[PDB]
Structure formats: C-alpha cells, structure tokens
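Just so it is clear, the values below take in all heavy atoms, side chains as well, and ignore hydrogens, waters and symmetry mates. Positions are given from 1 along the sequence.
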Amino acid sequence: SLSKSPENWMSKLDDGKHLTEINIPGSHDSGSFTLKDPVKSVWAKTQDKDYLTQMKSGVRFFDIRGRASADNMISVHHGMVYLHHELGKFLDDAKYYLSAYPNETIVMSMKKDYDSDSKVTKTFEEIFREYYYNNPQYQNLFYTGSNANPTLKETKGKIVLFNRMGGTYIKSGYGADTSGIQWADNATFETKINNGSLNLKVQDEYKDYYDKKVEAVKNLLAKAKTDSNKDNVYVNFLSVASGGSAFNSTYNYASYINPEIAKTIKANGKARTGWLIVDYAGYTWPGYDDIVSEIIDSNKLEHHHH
Ligand SMILES: O[C@H]1[C@H](O)[C@@H](O)[C@H](O)[C@@H](O)[C@H]1O
C-alpha cells in the first residue's frame, strides 16, 4: 500500500505511465510554510510543512508563485507578500530530494504573483529562463526532453516545468510554448496546451463558498474517473481564498474539504483522479481521511509476477 511509504510512491508505479495519467497530490502556494504571524497566516498561509517535508509526505506537484525583485532573482510570494526566500531554495530542496529518491519526478508550476521591482528590466519569464532553467547550477535538474506528454521513465529524477508564466521560449514541460496557458479566472475551464497536443482541464474556482467548491471539485473528479484519455491533464484545486470578512482561515477550510474529498476518493476505489492541489498537504486530523494518502492510494498497481 503506497501511502505507507509516501517518500518513494512513484518509484512503485509502472514507468510507462504518462505523468498526466498518475494521480498526484500537489500543494497550493507551496512556499507559504515560512509565515508565523498569526493574523496574516489566517489568509496568506496555506502550508505548515517545508518543501522537503512536503516531498517526504508524497507531494509531487508544487505551486510556486514568484516575484522578480532584481534582474537575477525570483522571490517566492503570496501576491504582494514576500515568503522570505528565493526560488533557489526550492530548486536545491527538490535536487536533494530527487537525488535521495531518484525514481520520483516533481512537477513545478511557476507563476508570476506580483509586479517586479521598478529597477527590474527583464520580464519574469526571461529571468526564470536565463537565471534558473538555463543556470548551469541546475544542469541535470529539469526535464529537457521533447515529449509534450512525457512518461515517468522519461522524467525520473527531474523537475518538469508546468508553465503559468505566459508565452515562453522554454521547449520542455506543460505549456512550454510561445503561447503559454490561457488561465481563466475563478473558474472550471479547458484550454489546449503544448501546440495543441494536450487538453488541460482546470477547476480553479478559488472564490467559492464551501458547498459550491465541493461540487466543483467533485464535478472534475467525476469527469476524471470516466476519462482514460492520456492527452487530457486534470488540475483540481481544493484550495480557496480565506477572505478578510468571511473569516474562515485557509486552514479551517482545508479541514472540511480535504477530508470530504479524501472520503469520496476512498469510496471510488482505484480510479483516475487527476492532479489534486491542496492546502495543508500532509496535515492530519485524527478520525478524518487524509487527502494526500488517498490521492496516492487511488493509483492502480497492476500485478505482475516476480
Ligand atoms: O489567488 C488565486 C489562487 O491562488 C488560485 O489557485 C490561482 O490560480 C489564481 O491565479 C490566484 O489568483
């Protein structure tokens, strides 16, 4: 049972699977574990574990949001709020992790979350491409293959870019083309990505009240359960914005939704889920089903003789 050993669960799958076909736990605003201020954490904090611990808990999709604070520097951010570290820290942690667990792959979403400092001359995509993706420091770290729909075998030991920066000149990863990903605001939507090779289906209704959010998540989970198309990629965000008045913290919200969705997954048996992106990945509450574990265990192991 895969969720008992979350450190190396991908290494247990058939490596011929497309990443799209693997049920992957992701963490929303992954780098926000740095916040400790109780007032701002109500709304700005979405994770309590650091990157390495999230990886050890089985998280393989990371939602990194950035701001260029100088021409050679991307700082990790929740909108205007600095999260106390730069992109190099996540890349070093993933590198160390993928070294220790060389048959896992990590998907890293990269998005601009705030306006650059006015002294910055370069676009966010130029900075990411020149100072990180092409940095010789990260030489064997990213997926650099030409397969628009790569398999686990092809991406073992690497970070596969998931591009939310807009058009890019990077040629590997999801949305790595000059058009990027057209991302609809506060919605469930579909858009063709990678010069038309893949159909990307997103639930990102980040302003929904609880009942409407649960239905949007279940709706996309139901679509996935009956869809074995390899060229369809599902990204299903359980996270919502905390609200300044409608005070129910991201943590309170996650304590409702994560177990509710975990229980539905568990009842559906082993069936395709897509990539489910959660707040407080790995945070357990006694007597509640755990969303990360149930995502992991929803992957079907075909039984071969040894
Ligand atoms: O605040 C939201 C939220 O974090 C979403 O999941 C992200 O896709 C949106 O673009 C962002 O505006």
Side-chain angles (χ1 to χ4, degrees), residues 25-51 53-54 57-59 61-67 69 75-85 90 109 111-115 164 183-189 202-221 235-266 274-295:
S27 54
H28 162 69
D29 276 324
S30 312
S32 68
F33 59 88
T34 63
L35 300 175
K36 289 306 188 301
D37 187 358
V39 160
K40 203 182 309 152
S41 303
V42 154
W43 68 261
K45 187 172 202 184
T46 63
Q47 306 296 332
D48 68 328
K49 288 172 157 57
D50 60 17
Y51 295 125
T53 309
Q54 290 174 224
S57 293
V59 179
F61 181 116
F62 290 88
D63 176 33
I64 307 295
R65 313 289 186 80
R67 162 194 197 240
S69 87
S75 295
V76 173
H77 257 70
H78 179 286
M80 73 173 203
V81 183
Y82 178 41
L83 293 184
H84 306 290
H85 66 285
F90 168 75
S109 182
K111 184 194 147 84
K112 183 179 177 179
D113 235 34
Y114 210 66
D115 293 331
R164 301 190 50 189
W183 198 275
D185 186 51
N186 185 36
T188 291
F189 63 94
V202 173
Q203 179 275 299
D204 184 31
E205 312 182 7
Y206 67 83
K207 304 197 205 176
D208 288 0
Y209 62 66
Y210 177 81
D211 295 333
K212 195 213 155 66
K213 180 66 169 192
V214 176
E215 291 304 304
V217 171
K218 296 198 190 175
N219 284 167
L220 198 75
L221 214 34
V235 187
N236 198 334
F237 286 81
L238 279 66
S239 43
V240 302
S242 154
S245 274
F247 184 161
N248 211 36
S249 71
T250 65
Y251 170 71
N252 300 143
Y253 269 117
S255 76
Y256 282 112
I257 305 172
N258 290 354
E260 182 45 25
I261 304 303
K263 178 185 47 62
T264 305
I265 291 171
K266 186 182 165 68
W275 303 348
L276 266 65
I277 323 307
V278 311
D279 285 344
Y280 290 93
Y283 203 106
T284 58
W285 300 276
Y288 288 90
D289 300 319
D290 176 60
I291 189 66
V292 176
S293 295
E294 293 312 324
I295 296 159

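Side chain of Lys36 to main chain of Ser41: no donor-acceptor pair is present (N/O by atom type, distance under 3.5 Å, no hydrogens or angles). Of the possible polar contacts, one joining the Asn236 side chain to the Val217 backbone as a donor-acceptor pair under 3.5 Å is found.
For the residue pair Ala281 and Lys49, the shortest heavy atom distance occurs at O-CD, 3.8 Å. Nearest heavy atom pair, residue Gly79 against residue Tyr114, reads O-CB, 3.5 Å. Between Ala254 and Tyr280 the shortest heavy-atom distance is CB-CD1, 4.3 Å. For the residue pair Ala44 and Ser32, the shortest heavy atom distance occurs at O-CB, 3.7 Å. When all heavy atoms of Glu294 and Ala262 are compared, the pair lying nearest together is CG-O, 3.6 Å. Here the closest non-hydrogen pair linking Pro259 and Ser255 is CD-O, 3.2 Å.
Remark: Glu260 pairs with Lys218, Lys263 by the salt bridge (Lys or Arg N to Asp or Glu O under 4.0 Å) rule, at least two apart or across chains.
The side-chain heavy atoms of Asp289 and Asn258, taken from C-beta on, include no pair separated by under 4.5 Å. No side-chain heavy atom of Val42 sits less than 4.5 Å from a side-chain heavy atom of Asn252. Considering only heavy atoms from C-beta on, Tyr253 stays 4.5 Å or farther from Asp279 through its side chain. Counting heavy atoms from C-beta outward, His78 and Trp43 have side chains that approach closer than 4.5 Å.
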Step by step, work out the side-chain contact (heavy atoms from CB on, under 4.5 Å) result for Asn219 and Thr188.
-> CA-CA 10 Å; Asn219 284 167; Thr188 291; over 6 Å; no
Given the rule in the side-chain contact (heavy atoms from CB on, under 4.5 Å) test, do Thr284 and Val292 qualify, once you have shown the distances and angles that lead to the verdict?
-> CA-CA 9 Å; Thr284 58; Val292 176; over 6 Å; no
Show your working on side-chain contact (heavy atoms from CB on, under 4.5 Å) between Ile265 and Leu221 and close with a plain yes or no.
-> CA-CA 9 Å; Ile265 291 171; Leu221 214 34; 4.1 Å; yes
Stepwise, does the side-chain contact (heavy atoms from CB on, under 4.5 Å) test hold for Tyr51 with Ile64?
-> CA-CA 11 Å; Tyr51 295 125; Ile64 307 295; 3.8 Å; yes
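Around the OH atom of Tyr251, the shell of radius 6.0 Å holds more than 12 heavy atoms that belong to other residues, nucleotides or ligands. In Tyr288, the OH atom is not crowded: 12 or fewer heavy atoms of neighbouring residues, nucleotides or ligands sit closer than 6.0 Å.
Using modelled atom types, one finds a donor on one side chain and an acceptor on the other under 3.5 Å when comparing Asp50 with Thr53. Side-chain contact, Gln47 with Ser27: no donor N or O sits under 3.5 Å from an acceptor N or O. A donor atom on one side chain and an acceptor atom on the other are not found under 3.5 Å apart for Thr46 and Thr250.
Distance check: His77 NE2 to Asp113 CG gives 8.0 Å after rounding to the nearest 0.5 Å. Atom-to-atom distance recorded for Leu83:CG and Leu35:CG is 5.5 Å, nearest 0.5 angstrom. In this structure, CD1 in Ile277 is found 8.0 Å from CD1 in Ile295, a value given to the nearest 0.5 Å. The structure places CD of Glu205 at 11.0 Å from CG of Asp185, a figure rounded to the nearest 0.5 Å. A distance of 8.0 Å separates CH2 in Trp285 from CG in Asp290, rounded to the nearest 0.5 Å. Note that OG of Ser242 is 13.5 Å distant from NZ of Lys40, once rounded to the nearest 0.5 Å.
A tilted orientation is assigned to the rings of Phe61 and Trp275, their planes being inclined by 30° to 60°. Relative ring orientation between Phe90 and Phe62 is described as tilted, the plane-to-plane angle lying within the 30° to 60° band. Classification of the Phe237-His28 ring pair by plane angle, with boundaries at 30° and 60°, yields perpendicular.
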